[PDB]
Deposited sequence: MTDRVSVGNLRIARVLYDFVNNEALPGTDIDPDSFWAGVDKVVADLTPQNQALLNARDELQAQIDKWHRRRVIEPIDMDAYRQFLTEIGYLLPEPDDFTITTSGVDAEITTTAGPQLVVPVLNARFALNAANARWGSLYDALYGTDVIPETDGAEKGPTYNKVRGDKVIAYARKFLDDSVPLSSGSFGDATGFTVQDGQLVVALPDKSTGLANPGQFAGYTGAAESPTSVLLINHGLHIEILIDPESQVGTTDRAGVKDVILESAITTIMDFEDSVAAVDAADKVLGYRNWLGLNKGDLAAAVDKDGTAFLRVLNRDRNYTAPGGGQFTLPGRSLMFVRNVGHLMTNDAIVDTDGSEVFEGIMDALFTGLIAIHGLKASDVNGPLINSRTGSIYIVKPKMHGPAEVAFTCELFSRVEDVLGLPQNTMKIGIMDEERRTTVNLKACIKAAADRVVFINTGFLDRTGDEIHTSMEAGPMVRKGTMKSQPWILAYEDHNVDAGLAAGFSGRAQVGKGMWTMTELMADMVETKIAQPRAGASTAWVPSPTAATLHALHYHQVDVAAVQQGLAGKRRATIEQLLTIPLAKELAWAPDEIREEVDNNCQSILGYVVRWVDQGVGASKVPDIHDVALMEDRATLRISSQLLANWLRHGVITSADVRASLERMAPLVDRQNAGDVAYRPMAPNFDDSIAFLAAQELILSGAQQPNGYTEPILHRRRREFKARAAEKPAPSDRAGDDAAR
């Protein structure tokens, strides 16, 4: 067989060769003891890994039959009875140490990209610094009304509104003692503080401490760096430029620190179903931790006059492993059982990250000596304990000190939401953030209460009582554990990549709730979301909330049951079957784990496996209570399958041959058998069908 024999494992050759030729050299770990640890850890941990998965199926099975009989008094008592709801520990504080300042202190956007896409990943690590002019001019933040519409050449009417918008931002972030940046006619620093020239007057910063440094001669600085809320603002002064020649202070651009941290993703935004897929990922992740990823390059750090100092130039990177559910046949055991993909990610992504700790690739990742892993889709504290013990064992195999691997706990399952304090206590010496995964969180809420009744519509979940408590309950728990100045309190993702006007308008709510950070789709959306953290003082908002328990158990357990006309239904099912179809074609046919599919209302939504978990779970729920039928679902399936194809070279249509499309027939499975996946997860059906398409295409 092609696989390579090591203890009780048969490792696919391509993985085995990658780890030996690319990963291990540099880490001073002997390739034979490394594989010995791998075989040993896997054999050690697979049992209670599988035990925990059975506990999900068991706890769930109790809930399902409960609702086909049975109103929160009996319910809450029954959940704590069966071990779902567990006791709350005593108040405590996290002890995680040696964490980069990006996570303990700075507040600001958090970006997520698929790690299998290298040029995206390059742009994301490069996204710690972003032009504000390009994000304002490039999007709908400036309305494309009047004579300010983007064209094939640069539009100057639009250009000055960019400048005026940024001039205002400068006024509301770094105030002058008297006057406005819009009437600014010169910049210079004389005797250590910057003097801004005005028409008649000359004024300085109201707080002269927000001056951080500059480029060029202090006479005619090529730029001036400013700080506010720990976030850096660079004004590039070069009147040579096209934009510089027009601006009344020679200003070329306004650059904001944008992507403070990025999350390189191995889970819901990627398709990776055999050992060849994971190694493109792993190779990209290795390319980043070395600092030699190219397609062009990672950018270097930036230097300033204060003498000279220097700032980070790339976004500090996390990785997101997969959770505890899926297996992957990149490794099989002697009788053929696929090995748990969560354990593989920890060993392999961990080993790789030793390179992002040294320079001999040239570029360092963590300056405090930590490795940052996000663990999605945990179900309770005991699942957190296991991830901890798993990381502790990987550390031994890899020879690094205990607790180098830190956790990014994802509050995206119901059983961790109501036991959140127990969860963070479990990781208490490794946690570096908690984050409301509200899409994954919504799919669990539906699948957990599937037998309770018909669910409210998808749009309506945004305002349901459970969700609102869930968002405030997380911030409560974080601050009560010491997260301020220690660990990020993080919130969820803006999916609408073309509505930056609405994003700039409404996403301010998240930092106003005390979020240290929130998730972004793009380097551009990251820059705009950064405007929100110059407005709101996240650190001050956090202190106004400590103690304030604005949420109880009963608000978290309120199930979004409904109580609709035959227009509101046919519009929901069609809407759903369209975003399911449009995501799954690119998923099954091309191994693309994230795509922008316009919903029914011509809104470009960025989909992943969480959003598809909500959609398919939803129809699934409406089918189980007879809101609609199987043939009605099939109708909307066939109704829209022509539409995504015109909405979509080297691509495969779906209509009229619905039987002969593994992508179409997968989407149909995802709904019609939707209810029977463990916790409504979508990896099984997607992984079996992705591998199927490959198998046909190889014949």
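* **Sequence ranges absent from the coordinates, based on the deposited chain and numbered from 1** => Sequence ranges with no C-alpha atoms are 1, 72-76, 302-311, 323-325, 380-382, 586-588, 674-676, 728-741.
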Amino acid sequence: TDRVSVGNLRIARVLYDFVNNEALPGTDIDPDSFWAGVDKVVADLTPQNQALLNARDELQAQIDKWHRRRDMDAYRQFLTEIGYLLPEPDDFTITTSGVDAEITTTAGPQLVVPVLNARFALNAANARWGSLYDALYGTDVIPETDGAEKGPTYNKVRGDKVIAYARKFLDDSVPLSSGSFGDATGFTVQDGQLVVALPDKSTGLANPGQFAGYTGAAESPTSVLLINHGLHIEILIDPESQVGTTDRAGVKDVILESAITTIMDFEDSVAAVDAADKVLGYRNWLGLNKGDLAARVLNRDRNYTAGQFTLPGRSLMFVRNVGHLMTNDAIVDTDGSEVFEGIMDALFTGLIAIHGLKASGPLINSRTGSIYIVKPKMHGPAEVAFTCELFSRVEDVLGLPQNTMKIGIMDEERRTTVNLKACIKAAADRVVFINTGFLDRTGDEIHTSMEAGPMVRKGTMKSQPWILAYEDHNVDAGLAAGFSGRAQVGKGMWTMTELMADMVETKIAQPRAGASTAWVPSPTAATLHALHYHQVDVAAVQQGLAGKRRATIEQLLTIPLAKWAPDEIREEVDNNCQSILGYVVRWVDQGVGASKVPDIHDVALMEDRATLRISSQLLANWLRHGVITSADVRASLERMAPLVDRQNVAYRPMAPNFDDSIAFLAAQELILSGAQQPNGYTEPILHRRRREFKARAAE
From here on, numbers count along this sequence of modelled residues.
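* Third-or-more of other entries without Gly361 -> Other entries vs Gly361: at least a third skip it.
* Asked: Between 72-80 and 163-171, which has the higher average C-alpha B-factor in the PDB entry?
  -> Higher mean C-alpha B-factor: 72-80.
* To do: May I ask you to compare 639-647 and 664-672 by their mean CA B factor in the entry and name the higher one?
  => Per the PDB record, 639-647.
* What's the residue among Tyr583, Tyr137, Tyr282, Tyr154 with the greatest CA temperature factor in the PDB record? -> Going by the entry's C-alpha B-factors, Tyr154 comes out highest.
* Asked: Going by the deposited entry, which of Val189, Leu605, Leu420, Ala513 has the highest CA temperature factor?
  -> Most elevated C-alpha B-factor of the set, per the entry: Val189.
* Third of the chain, ranked by Cα B-factor, where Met496 sits -> Its C-alpha B-factor, which the entry lists for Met496, ranks in the lowest third among residues of this chain.
* To do: Sorting the chain's modelled residues by C-alpha B-factor, tell me whether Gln542 ends up in the lowest, middle or highest third.
  => For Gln542, the deposited C-alpha B-factor lands in the highest third.
* For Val196, return the chain-relative third of its C-alpha B-factor as stated in the PDB record: lowest, middle or highest. => Highest third of the chain for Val196's C-alpha B-factor.
* Classify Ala631 as lowest, middle or highest third according to the C-alpha B-factor given in the PDB entry, relative to its own chain. => Within its chain, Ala631 is a highest-third residue by C-alpha B-factor, going by the deposited values.
* Within this chain, which third does the Cα B-factor at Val41 fall in: lowest, middle or highest? -> For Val41, the deposited C-alpha B-factor lands in the middle third.
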